[PDB]
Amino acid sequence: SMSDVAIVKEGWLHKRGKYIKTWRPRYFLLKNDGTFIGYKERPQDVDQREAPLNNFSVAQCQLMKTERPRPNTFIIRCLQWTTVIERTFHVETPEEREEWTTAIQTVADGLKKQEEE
């Protein structure tokens, strides 16, 4: 339950439009349970956390790193019921990128191990 109610990583990143190719600021939270919730601003109190901007599952995903159109870009491709969603993000260093990427992967491995048994 409670590990399964925790926050793995949170912080700001750039999120690119699907179609309108602009980077936009989002405060994101990586949850143990596999949800990835994003916000316009860093969610102030608890009450603000309850109106998110972005919401997807990242248990069952591919973590890909790219250097276009910006260095330290990454793409998350994650299964979402019957379809995949792909989302493109950006951070200032490859080391930040590598930390975000490794943390997402940590959440997914957590749950792949639970599905196995």
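The numbering used is simple: start at 1 and walk along the sequence shown.
Visitor: Going by the B-factors listed in the PDB entry, is the mean over the C-alpha atoms higher for 105-113 or for 7-15?
Guide: Higher of the two, by average CA B-factor, is 105-113.
Visitor: Can you tell me which stretch has the higher mean Cα B-factor, 69-77 or 40-48?
Guide: Per the PDB record, 40-48.
Visitor: With respect to C-alpha B-factor, does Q60 fall in the lowest, middle or highest third of the chain as deposited?
Guide: CA B-factor rank for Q60: highest third.
Visitor: Which third, lowest, middle or highest, does the CA B-factor of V84 fall in along this chain?
Guide: Its C-alpha B-factor belongs to the middle third of this chain's values.
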